[PDB]
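Just so it is clear: chains get the letters A, B, ... in the order the sequence lines come, proteins before strands, and each one is counted from 1.
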Amino acid sequence: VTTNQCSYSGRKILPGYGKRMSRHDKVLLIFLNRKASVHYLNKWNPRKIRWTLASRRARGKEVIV
Amino acid sequence: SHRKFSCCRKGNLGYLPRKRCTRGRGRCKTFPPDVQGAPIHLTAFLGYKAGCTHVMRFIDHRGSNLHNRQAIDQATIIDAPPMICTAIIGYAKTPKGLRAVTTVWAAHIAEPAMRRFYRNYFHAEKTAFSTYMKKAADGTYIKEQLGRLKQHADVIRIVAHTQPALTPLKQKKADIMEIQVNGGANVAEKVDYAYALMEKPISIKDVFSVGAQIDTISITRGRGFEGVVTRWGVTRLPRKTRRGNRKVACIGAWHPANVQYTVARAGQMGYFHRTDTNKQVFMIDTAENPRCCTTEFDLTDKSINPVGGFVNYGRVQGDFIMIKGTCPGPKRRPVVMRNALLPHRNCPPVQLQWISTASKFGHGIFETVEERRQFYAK
Amino acid sequence: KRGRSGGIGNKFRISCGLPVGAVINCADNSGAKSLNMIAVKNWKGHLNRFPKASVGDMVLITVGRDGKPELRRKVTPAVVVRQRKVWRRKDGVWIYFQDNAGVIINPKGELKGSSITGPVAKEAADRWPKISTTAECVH
Amino acid sequence: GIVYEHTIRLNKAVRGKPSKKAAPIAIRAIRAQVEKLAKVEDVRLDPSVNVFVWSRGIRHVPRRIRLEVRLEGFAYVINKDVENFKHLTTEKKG
RNA sequence: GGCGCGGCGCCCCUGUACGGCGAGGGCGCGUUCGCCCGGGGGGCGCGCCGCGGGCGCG
RNA sequence: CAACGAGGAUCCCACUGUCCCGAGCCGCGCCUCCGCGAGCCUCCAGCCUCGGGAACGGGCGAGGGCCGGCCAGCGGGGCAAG
RNA sequence: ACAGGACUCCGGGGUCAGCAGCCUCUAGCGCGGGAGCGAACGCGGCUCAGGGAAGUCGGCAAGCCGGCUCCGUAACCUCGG
Ligand SMILES: [K+]
Ligand SMILES: [K+]
Ligand SMILES: [K+]
Ligand SMILES: [K+]
Ligand SMILES: [K+]
Ligand SMILES: [K+]
Ligand SMILES: [K+]
Ligand SMILES: [K+]
Ligand SMILES: [K+]
Ligand SMILES: [K+]
Ligand SMILES: [K+]
Ligand SMILES: [K+]
Ligand SMILES: [K+]
Ligand SMILES: [K+]
Ligand SMILES: [K+]
Ligand SMILES: [K+]
Ligand SMILES: [K+]
Ligand SMILES: [K+]
Ligand SMILES: [K+]
Ligand SMILES: [K+]
Ligand SMILES: [K+]
Ligand SMILES: [K+]
Ligand SMILES: [Mg+2]
Ligand SMILES: [Mg+2]
Ligand SMILES: [Mg+2]
Ligand SMILES: [Mg+2]
Ligand SMILES: [Mg+2]
Ligand SMILES: [Mg+2]
Ligand SMILES: [Mg+2]
Ligand SMILES: [Mg+2]
Ligand SMILES: [Mg+2]
Ligand SMILES: [Mg+2]
Ligand SMILES: [Mg+2]
Ligand SMILES: [Mg+2]
């Protein structure tokens, strides 16, 4: 089906889930759940949150193409 | 003096009294009207509420702002194992309404039907239909007893029961219900059709069709004893009221010197008999078909049961039906489904592109157990 | 001839985030800084209920003390183009913005500015063609 | 006589009750669960059970306890000390 | 309505356990870091099984 | 008239369940049970509509309703009590 | 007969500006009784999207602020603030 990738983590989002946010520099952000949206607003660094795509990439556990 | 500003009353007086329902289950009080000449068909079925999901569908409307676009809609899932027809009843239209002629039962009656006749089954002495089975053994008695319904009745119904050993429920006794035979050419053709269904199973795909509308009848969620703010929706009083602000302040004028039945009072909320009408059918399938919930838009094989299982219901084993929207009751209430008495006229067709099978226990993100395994592949 | 009211077509209902008394930001370059919302058009009310508006609705405003002197002391029509209350579209998308904003525009649909800053919603761009043409981003 | 071994989940038995009386209510639930298990009407507990149930105050009682019921004469319960409860079930002997 | 108790699987929630071993501003000491480790803990939803589950009153 | 005030007023910023419009949760009462166990008040009684009447009746004239016995709540009436 | 009233003496440790608040060694241990359930409604508390006094006679009630160090401080004045 048509899918999106969470902008905070790297997960896939299925039709009818999560919510979007329109930033004022004219950039859109797509969130998987409310947990992911609270992490972004508080300015918690994605690489320090160990379950994200960004963390596992920085830890060698995720292969970067 | 006159009430200074204008404002309607709160709540609908046509759903009074707000008492607990005393009927056992939802009871179908009306049937769709018979049309002399129409093809014969059944009008009702009985299922159990399994769960909710949402779907993607392509809208084909005309003049609508969604004319050639995609919409996401909520659907409800109802579990419908086949019912067994066990008896035939006829009625006559008389100057006192509907009066019955006789009820003709089948020769051989199953355990789920026999348990509904007893309070405790293990302990009881079993003397239901003990004489009837002996007499009715030879099939001649049925033919003679059907020789009356052909001669005196205007309306024919079949008696049918569910099979609760094909569900995740706890009960072992069936739910018994009359189903009216509409259509046909005359009365005598509707009794040849009812006899050809005796002791046989009936599937829900042979009553309802896709895109038609139905009515759902059930008993609502219960909340027990509840005050006026929640029971009736009246305004909450200001903060510095001495003895509490969850009340109606004035419950009547001095005259008349009684409390009127139109005033909001506290009491039982929920567990009511209700009817929600005009529900469109989305899909009729079976859970044994492993391709039941797969559009082309996905390539894996998906079926009706979600990852994790239907929360607070259990597993679905056979046939099911899918209606748009919502219906009364919690999970596992029996729901009666009939044809729509006065259906909505401008409803578009049904064209499904995607169905959600992700987990409803929590916030599941995997359509199938197989691809969750590929995700955590170590 | 020449009638041409404001608002092209029909709209589905969405969540209204702004009731009477709210103060929102000015998104065009007319000169105003904040707009005080005092009424909503097409509003039949009910007892005790505040009037409320969402993106795409036409509202009546007054220009606050930080805005230009000529624009002040008058009841001015405007359209809301961004809101913070999250709303659901028909295709199942939930979306919200970072701030609350509007533009000054007469019921014939002609703007009082030359620009709009930041993104605007699709709700406001479909009803008001002039907004769709001078906007730089539509979400 | 016969000797049982059984675990009782204690966090589940204080569900729905005020936490200010969790340990007293756990004591009253061990007796009710033992009496059914051993088919008796008189449950003498050992103070080893009392010390374990109360070991974290009146509110936060331990999640699980492992018992040992000796069917005598009544039933006599003492506390059995284990490191973990991974796949432990009912053990009846005698 | 022969209950339930207690397990094992699935699925979810939190966010990577104690420990062992090898980076750390500095002066054997050392906050913290990396690896074993989407780990450990938990469950009131779903699926299947050790102890058990049909008195007395009218 | 500077300083001062649990003194009377109007406005603004900030703040908020005051409000739009309400929702969920905690403890203790209430509620059910074992033990204990009172006050106030009482012509007689205790379902309504109209008429007449000390001009607004539970009883009187005429009509309409209604086995009997109880609980959790409630504040229209008893021109309720003090 | 009783959450009221009823003078004085002796006064450890930790945190801290401290005889404040919060935890504690020594010493002392009642308070017209218990169990079950987890309705309305009350009494004492907690949290609430978007808006922010539109509520009300009236910002009543609640909330915001707050320790220490450094920076920076107007009108007016009886020259002390
Ligand atoms: K009035
Ligand atoms: K009035
Ligand atoms: K009210
Ligand atoms: K009244
Ligand atoms: K009433
Ligand atoms: K009322
Ligand atoms: K009431
Ligand atoms: K109804
Ligand atoms: K908003
Ligand atoms: K002075
Ligand atoms: K003073
Ligand atoms: K004074
Ligand atoms: K004063
Ligand atoms: K509430
Ligand atoms: K009169
Ligand atoms: K009269
Ligand atoms: K009188
Ligand atoms: K009166
Ligand atoms: K209760
Ligand atoms: K009440
Ligand atoms: K005000
Ligand atoms: K105050
Ligand atoms: Mg008061
Ligand atoms: Mg008072
Ligand atoms: Mg869920
Ligand atoms: Mg009002
Ligand atoms: Mg680690
Ligand atoms: Mg609300
Ligand atoms: Mg009287
Ligand atoms: Mg009389
Ligand atoms: Mg009264
Ligand atoms: Mg709020
Ligand atoms: Mg006002
Ligand atoms: Mg007002």
(message) Measure NZ/B/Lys170 against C1'/E/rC46 and give the value in whole Å, please.
(response) 13 Å

(request) Using the P atoms only, state how far F/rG8 lies from G/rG55, rounded to an integer number of Å. (result) 24 Å

(message) Could you tell me how far apart B/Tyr376 (OH) and E/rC37 (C1') are, to the nearest whole angstrom?
(response) 14 Å

(request) Give a yes/no on whether any side-chain N or O of D/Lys36 is located under 4.0 angstrom from OP1 or OP2 of E/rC51. (result) no

(message) Is G/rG21 base-paired with G/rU15, counting Watson-Crick or G-U wobble geometry with both distances under 3.5 Å?
(response) yes

(request) Answer yes or no as to whether E/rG45 has its base stacked against B/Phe361, where stacking requires a ring-centre separation under 5.5 angstrom and planes under 30 degrees apart. (result) yes

(message) Is there a base pair between E/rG53 and E/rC36, Watson-Crick or G-U wobble, given that both distances have to be under 3.5 Å?
(response) no

(request) Take atom NE2 of D/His87 and atom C1' of E/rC48, then tell me their distance rounded to the nearest Å. (result) 18 Å

(message) With a 4.0 Å cutoff (strictly under), does any side-chain N or O of B/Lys378 reach OP1 or OP2 of E/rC36?
(response) no

(message) Tell me if F/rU42 and E/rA23 are paired here, counting Watson-Crick or G-U wobble when both donor-acceptor distances sit under 3.5 Å.
(response) no

(request) May I ask you to check whether B/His54 and A/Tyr17 place their ring centers less than 6.0 Å from one another? (result) yes

(request) Check the distance between F/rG27's P and D/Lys17's NZ and give it to me in whole angstrom. (result) 10 Å

(request) Give the minimum heavy-atom separation between C/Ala78 and C/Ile61, together with the two atoms involved. (result) CB-CG1, 4.0 Å

(message) Check this one for me: any side-chain N or O of A/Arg56 less than 4.0 Å away from OP1 or OP2 of E/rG15?
(response) no

(request) Considering just the side-chain nitrogens and oxygens of B/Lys172, establish if one lies under 4.0 Å of OP1 or OP2 belonging to E/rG2. (result) yes

(message) Parallel, tilted or perpendicular: which one describes the rings of A/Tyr40 and A/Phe31, with boundaries at 30° and 60°?
(response) tilted

(request) May I ask you to evaluate whether A/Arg50 reaches the phosphate of E/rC35, defined as a side-chain N or O under 4.0 Å from OP1 or OP2? (result) yes

(request) Quote, to the nearest angstrom, the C1' distance that separates E/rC11 from E/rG47. (result) 11 Å

(message) Is B/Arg246 close enough to G/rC41 that one of its side-chain N or O atoms is under 4.0 Å from OP1 or OP2 there?
(response) yes

(request) Using atom CZ of C/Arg82 as one end and atom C1' of G/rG51 as the other, report the distance to the nearest whole Å. (result) 18 Å

(message) Between D/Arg63 and E/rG42, is there a contact of a side-chain N or O with OP1 or OP2 at under 4.0 Å?
(response) yes

(request) Choose from E/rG6, E/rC35, E/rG54 the nucleotide whose nearest atom is closest to any side-chain atom of B/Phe122. (result) E/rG54

(message) Distance check needed: F/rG78 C1' versus B/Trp254 CH2, whole Å only.
(response) 11 Å

(message) Looking at C/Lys52 and G/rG52, is any side-chain donor or acceptor paired with a base atom of the opposite kind under 3.5 Å?
(response) no

(request) Mark yes or no for a side-chain to base donor-acceptor pair under 3.5 Å between A/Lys48 and E/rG15, with no hydrogen or angle criteria applied. (result) no

(message) When you measure from the side-chain N and O atoms of B/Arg372 to the phosphate of E/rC12, is any distance below 4.0 Å, counting only OP1 and OP2?
(response) yes

(message) Is there a side-chain contact between D/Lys20 and the phosphate of F/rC28, meaning an N or O under 4.0 Å from OP1 or OP2?
(response) no

(request) Give a yes or no on whether a salt bridge exists between D/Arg66 and D/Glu91, defined as a side-chain N under 4.0 angstrom from a carboxylate O. (result) yes

(message) Check for me whether G/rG66 and G/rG67 meet both conditions: six-membered ring centres under 5.5 Å apart and planes under 30°.
(response) no

(message) Can you tell me if D/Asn11 touches the phosphate of E/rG43, counting only side-chain N or O atoms and a distance under 4.0 Å to OP1 or OP2?
(response) yes

(message) Tell me whether the side-chain N/O atoms of D/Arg15 come closer than 4.0 Å to OP1 or OP2 in E/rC44.
(response) yes

(request) Compare side-chain N and O positions of B/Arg373 against OP1 and OP2 of E/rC11 and report whether any pair is under 4.0 Å apart. (result) yes

(request) Can you tell me the distance, in whole Å, between the CD atom of D/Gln33 and the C1' atom of E/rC5? (result) 6 Å

(request) For E/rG38, measure the glycosidic angle (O4'-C1'-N9-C4 for a purine, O4'-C1'-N1-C2 for a pyrimidine) and name it syn if it falls within 90° of 0, otherwise anti. (result) syn

(request) Decide between north and south for E/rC37, the convention being positive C1'-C2'-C3'-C4' for north and negative for south. (result) south

(message) Check C/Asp99 with C/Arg82, please: is the shortest side-chain N to carboxylate O separation under 4.0 Å?
(response) yes

(message) Is D/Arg9 close enough to E/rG43 that one of its side-chain N or O atoms is under 4.0 Å from OP1 or OP2 there?
(response) yes

(request) Taking only the side-chain nitrogens and oxygens of A/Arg59, find out if one of them lies under 4.0 Å from OP1 or OP2 of E/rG38. (result) yes

(request) Can you tell me the distance, in whole Å, between the NE2 atom of B/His123 and the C1' atom of E/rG2? (result) 9 Å

